[PDB]
Amino acid sequence: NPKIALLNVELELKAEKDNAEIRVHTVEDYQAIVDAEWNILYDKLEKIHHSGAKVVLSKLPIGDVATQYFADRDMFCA
Amino acid sequence: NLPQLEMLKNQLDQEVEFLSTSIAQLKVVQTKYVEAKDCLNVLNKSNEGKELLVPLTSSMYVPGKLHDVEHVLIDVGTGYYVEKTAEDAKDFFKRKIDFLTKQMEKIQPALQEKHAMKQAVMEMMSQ
Amino acid sequence: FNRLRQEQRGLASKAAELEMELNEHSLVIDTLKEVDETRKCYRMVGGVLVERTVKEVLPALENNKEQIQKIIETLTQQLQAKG
Amino acid sequence: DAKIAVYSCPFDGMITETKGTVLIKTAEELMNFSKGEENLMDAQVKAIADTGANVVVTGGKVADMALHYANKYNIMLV
Amino acid sequence: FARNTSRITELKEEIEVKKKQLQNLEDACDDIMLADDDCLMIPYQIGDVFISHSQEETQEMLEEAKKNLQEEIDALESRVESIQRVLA
Amino acid sequence: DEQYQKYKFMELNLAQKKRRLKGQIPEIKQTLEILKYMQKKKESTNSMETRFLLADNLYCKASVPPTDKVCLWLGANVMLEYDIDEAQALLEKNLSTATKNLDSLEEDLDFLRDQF
Amino acid sequence: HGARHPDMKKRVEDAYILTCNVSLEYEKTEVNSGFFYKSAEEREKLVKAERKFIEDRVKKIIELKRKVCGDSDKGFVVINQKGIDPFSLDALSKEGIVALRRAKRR
Amino acid sequence: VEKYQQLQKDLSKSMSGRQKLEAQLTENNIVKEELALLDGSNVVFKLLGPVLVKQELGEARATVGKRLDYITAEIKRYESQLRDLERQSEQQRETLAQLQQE
Amino acid sequence: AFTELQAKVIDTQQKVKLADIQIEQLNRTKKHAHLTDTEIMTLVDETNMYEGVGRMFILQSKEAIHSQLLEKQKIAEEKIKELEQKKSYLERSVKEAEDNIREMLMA
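Everything in this summary refers to the structure shown in the same document. (Residues numbered from 1 in each chain as written, not as in the entry; some residues may be left out. Chains lettered and ligands numbered in written order. Part of a larger assembly, values for the part shown. Heavy atoms only, no water.)

Regarding the overall build of chain E
Point 1. Each helix and strand in chain E was counted, giving two helices and two strands.
Point 2. Counting from the amino terminus, chain E carries its helices and strands in the arrangement α-β-β-α.
Point 3. Relative to the globule expectation of 12 Å for 88 residues, the C-alpha radius of gyration of chain E, 18 Å, shows a markedly less compact shape.
Point 4. Seen through its C-alpha atoms, chain E measures out along the principal axes to roughly 60 × 20 × 15 Å.
Point 5. Buried residues in chain E amount to 33% of all 88 residues.
Point 6. The long-range share in chain E, meaning contacts at least 24 apart out of those at least 6 apart in sequence, stands at 55%. (Helix = DSSP H or I, 4+ residues; strand = E, 2+ residues; numbered from the N terminus. Rg over C-alpha atoms; globule rule 2.2 N^0.38 Å. Buried < 20%, exposed > 50% of the residue type's maximum accessible area, 1.4 Å probe, protein only. Contact = heavy atoms within 4.5 Å.)

Things to note about the side chain of E:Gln55
Point 1. With respect to the helices and strands, E:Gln55 occurs in the loop between β2 (50-51) and α2 (59-87).
Point 2. Discounting residues that sit within four places of it in the chain, E:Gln55 has contacts with E:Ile32, E:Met33, E:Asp37, E:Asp38, E:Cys39 and E:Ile42.

Observations regarding the arrangement of the chains
Point 1. Among 14 pairs of chains with at least one contact, chains B and F form the most extensive contact set.
Point 2. The two units chain A and chain H never meet; even their closest C-alpha atoms stay 32 Å apart.
Point 3. Contact between chain G and chain H is absent, and the minimum C-alpha spacing across the pair is 30 Å.

A few points about helix α1 (residues 3-43) of chain I
Point 1. With 41 residues, α1(I) should reach 60 Å at 1.5 Å per residue; the first-to-last C-alpha distance of 60 Å fits that figure.
Point 2. Every buried residue belonging to α1(I) is among I:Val9, I:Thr12, I:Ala19, I:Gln22, I:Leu26, I:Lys30, I:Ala33, I:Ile40 and I:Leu43, and all of these are buried.
Point 3. Contact partners of the buried residues in α1(I): β2 (48-53) of chain C together with α2 (62-71), α3 (73-99) and α4 (102-105) of chain I. (Expected span 1.5 Å × (residues − 1).)

Things to note about the pairing of strand β3 (residues 72-76) of chain B
Residues and elements named next belong to chain B.
Point 1. In terms of residue burial, β3 counts as a mostly covered element, since four of its five residues are buried.
Point 2. With five bridges joining them, β3 and strand β4 (residues 80-84) adopt antiparallel strand pairing. The partner of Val-72 across the bridge, within β4, is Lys-84.
Point 3. Once β3 ends, the chain turns through three residues before running back antiparallel as β4, passing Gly-77 with a positive phi of about 60°. (Pairing = 2+ DSSP bridges.)

Points about the interface of chain F and chain B
Point 1. Listed by partner, the interface residues are 26 residues for chain F and 28 residues for chain B.
Point 2. Interface area, chain F with chain B, both sides summed: about 2,600 Å², of which 71% is carbon and sulfur.
Point 3. Seen at the junction of chain F and chain B, the total is zero salt bridges.
Point 4. Inspection of the region where chain F meets chain B yields seven residue pairs in polar contact.
Point 5. The element contributing the most residues to the side of chain F that touches chain B is strand β2 (residues 59-64) of chain F, with six residues.
Point 6. Each residue belonging to the side of chain F that touches chain B can be placed in one class, and the counts come to 15 nonpolar, five polar and six charged.
Point 7. Examined bridge by bridge, strand β2 (residues 60-66) of chain B and strand β3 (residues 70-73) of chain F share two bridges and lie antiparallel to one another. Counted as the bridge partner of B:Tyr61 is F:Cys71 from β3(F). (Buried area = accessible area lost by both parts, 1.4 Å probe. Salt bridge = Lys/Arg side-chain N within 4 Å of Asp/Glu carboxyl O. Polar contact = N/O pair within 3.5 Å; in protein donor to acceptor, adjacent residues only side chain to side chain. Nonpolar A, V, L, I, M, F, W, Y, C, P; charged D, E, K, R; others polar.)

What about the sheet that holds strand β2 (residues 76-79) of chain G?
Working definition: the strands of a sheet are paired by backbone hydrogen bonds and lie parallel or antiparallel to each other.
Residue and element names in this part refer to chain G.
Point 1. Read across the open sheet, the three strands follow the order β1-β2-β3; overall the sheet is parallel. Of all strands in the sheet, those bounded by a partner on one side alone are β1 (16-21) and β3 (97-100). The average angle at which neighbouring strand axes cross in this sheet is 20°, direction not considered.
Point 2. The sheet contact formed by β1 and β2 spans three bridges and is parallel. Counterpart to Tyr-16 in the pairing with β2 is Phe-76. (Axes fitted to C-alpha atoms, helices over the stretch in contact; angles between N-to-C directions.)

Notes on the interface of chain B and chain H
Point 1. Of the residues lining the interface, 18 residues belong to chain B; the matching set on chain H comes to 18 residues.
Point 2. Together, the buried faces of chain B and chain H total about 1,600 Å²; carbon and sulfur atoms form 57% of this surface.
Point 3. Broken down residue by residue, the surface that chain B buries against chain H is led by B:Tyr80, B:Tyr81 and B:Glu83, which jointly contribute 39%.
Point 4. At the junction of chain B with chain H, the criterion picks out one salt bridge.
Point 5. Notably, a salt bridge pairs B:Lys96 with H:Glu34, separated by 3.4 Å at the nearest N-O pair.
Point 6. Where chain B meets chain H, there are seven residue pairs in polar contact.
Point 7. Mapped onto the side of chain B that touches chain H, the elements with two or more residues apiece are β3, β4 and α2 (86-124) of chain B.
Point 8. A per-element tally of the side of chain B that touches chain H places α2(B) first, with six residues.
Point 9. Taken together, the residues of the side of chain B that touches chain H sort by class into eight nonpolar, four polar and six charged.

Some words on the packing of helix α1 (residues 2-45) of chain F against helix α2 (residues 86-113) of chain F
Residue and element names in this part refer to chain F.
Point 1. At their nearest, the axes of α1 and α2 sit 10 Å apart, and the two run at 155° to each other. Here α2 runs roughly antiparallel to α1, going by the angle between their axes. The handedness of the crossing between α1 and α2 is left-handed.
Point 2. Taken together, the residues that form the contact of α1 with α2 break down as ten nonpolar, three polar and twelve charged. (Parallel < 35°, antiparallel > 145°, perpendicular 65-115°, else oblique. Left-handed = near helix turned anticlockwise from the far one by under 90°.)

So, a nonpolar patch on the surface
Residues and elements named next belong to chain G.
Point 1. A contiguous nonpolar surface patch, about 300 Å² in accessible area, is contributed by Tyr-16, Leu-18, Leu-64 and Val-68.
Point 2. Elements with a contribution of two residues or more to the nonpolar patch: β1 and α2 (51-69).
Point 3. In this fold, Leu-18 is placed in strand β1.
Point 4. According to the relative accessible area criterion, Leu-18 is partly exposed, its value standing at 37%. (Patch = residues over 30% accessible without salt bridge, like charges linked within 9 Å, V, L, I, M, F, W, Y side chains within 5 Å. Areas by Shrake-Rupley, 256 points an atom, 1.4 Å probe, with all protein chains shown as cover.)

Looking at unusual backbone geometry
Point 1. Here the phi dihedral of D:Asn74 falls at roughly 55°; this positive angle occurs in a residue that is not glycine.
Point 2. Summarising the element assignment, D:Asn74 is placed in the loop between α2 (64-73) and β2 (76-77).
Point 3. Using a relative accessible area of 57% as the deciding quantity, one classes D:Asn74 as exposed.
Point 4. A positive phi angle, near 60°, is found at F:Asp68, a position not held by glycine.
Point 5. Among the residues examined, F:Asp68 registers a relative accessible area of 21% and is labelled partly exposed.

If you want it as structure tokens, here you go:
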């Protein structure tokens, strides 16, 4: 009895990025930039899947990596 | 003929108003020197050394006796010194005021004479 | 336009300036009210610097408002004279 | 005995401020508008004393917020 | 919001002028160390007062002004760099 | 529409406030540190030949004893003098606390007015 | 034209006439300190409070009505170049006073 | 018109500085011209900020002279920008006119 | 042509706009002088006192206050009467010129 999610906005490669600049302090710091590149998207997908729906549809193309994180949500996207 | 002249009369009015702001600047520049002349009379009255209450920047007052009229000082230029001597502090800063007032005449006479043509342009603009 | 505009502006400003003076004389009262202008002090009134106990400051600082208030009220009512 | 409150367009359509060229990013312009409409019809059920208006007419859109405000105030709006 | 320019341009120019003023103060210190280095009389100013007494006592405020300028201005240079990096 | 014109008007009438406020800030600073640095120690120590302002253009030599008396004015009618320890105490708030509100009502006000 | 006088004593036969302009609708004083400077905050508020002048002029008309007729019976007819309010016209029609509005020049 | 406006801005920012230096120079000329002959009543020192150092007249004269040379060079720079502006005023302004005409 | 004569009459009007300013400046400054005189006559009731030009305060005794409240106000007084004896001249210059230009030049 799947509850469905009716989406149009998507998550895909190369679509968005952050133009951050950070001076070197250690080697553990650069992951702040690569985090900021995707953290809002990860939280977005996590919450929109945890919304209460349990299968999700999207009118625009979705990434295979996004599909794998949706599988991590025990979930599928079209 | 008339329309283009009337259109450019707005630019003429704006330049005249800029020069009127310049002559308002002329009315506001005399101050420093006019209270300098007003403060002339303090110098000779206190040449024995006398207690003064004077501002520190603008808003502070601290008691203190003035002395050493022989090195009363004025600032000038990029950081040069004008050490006013005692006899100057009595009488000769009167002529120093005369020369500063001479620059004040470079301000009022020598600029009002050339703004006479400004007012002439105002009168001509009626045509 | 002009024959009315400059006349109204001048008659308004002639007491608007005194209204700003009253604004200054009202913002200056903070020293007396809270900054404790009550001791033996070297008070000045402009050009003069008096070492006096401040007894006259209350009547002097009320006598200005008791006049300028009615001046500015007269200006405010005069603004409505003609439209 | 609904002594009509007569107006042409006592309400307006949708708008949204732009902070510069780009659009604003706050919902206060909508929350304050909703509360203003609510208090306006509260003043309506106050001014029924001197107007006696159970009905009103408009040429401008209103939302379901005005619908339930009217339902709690027992008024009609064409 | 790309507010960086409106918040970094004035800071850059004022830091530049403060650095120039500190360099000129260092020049003044050097000058009083060689030009008119006479021990007996030297008008030296602390805010709004000359005292023509300090020759070696001049450093008592020379160093004060030096550090109160340099530490504050390079701290605020780090601040304007922080304003730059927070946006990019 | 009118957004650009009103935005520019607000920017102008708040930049004038910026200019004015950082206009009075420097001299009140000077009032604090000039006294607290020179006089509080040296004048309290011994009397020296000094320089005081006769006017904003006439500068006169002077000498001061350990007078240790200071006077504050906020207007053309109301005066109060103070010692050399409580005077800086009352003056230091008027900038140290004033900057936090006035400049936050400048930096944060500009941040809001870029959208307000 | 006529006026906003419901149930006028239309047959004013003892029609005393004095055709001066009565400002029974005072033109709002928008001009106080020029055009839209910062002082327009005065114009936003001084535009109001003109309601009193209508009744003051009406009281003047009532005084002249008393003077010329000695009572409230005989009809006194006066004019206005501009509009006049209906609410005070309701009382003026009871006072034996006939004010009229929107008159042309000649 | 791009080039004309750029040259106008260059003219403006050069002439503002030229005029301010003229305003200060009109005073320093006289002050120094009697200063060079009134010795004893005033003596040359340098008020280089909040300090005083004994100073000699010659380096002050060199300073004011190289001020004069600098400002004259800036005047010719400004006036060259003026001819540049008037030269652009023909063709860089006909740029739009010819495209609207044909 | 009458163009230069019209220039002269407008110059006379400009001199009128000089006259009103030059009398009003001194009457406001004289009102300020009277206010200062009333204040100085009020404050002489106490002794330990300072005066100056605002930018300084010099100590004195009471007789110095009496001397200063008169010696400068009387200069302002002699100067106000100088300015009436000047204003009468210049207002004659403008008004009689008007009397002989306005009903004359329109011919």
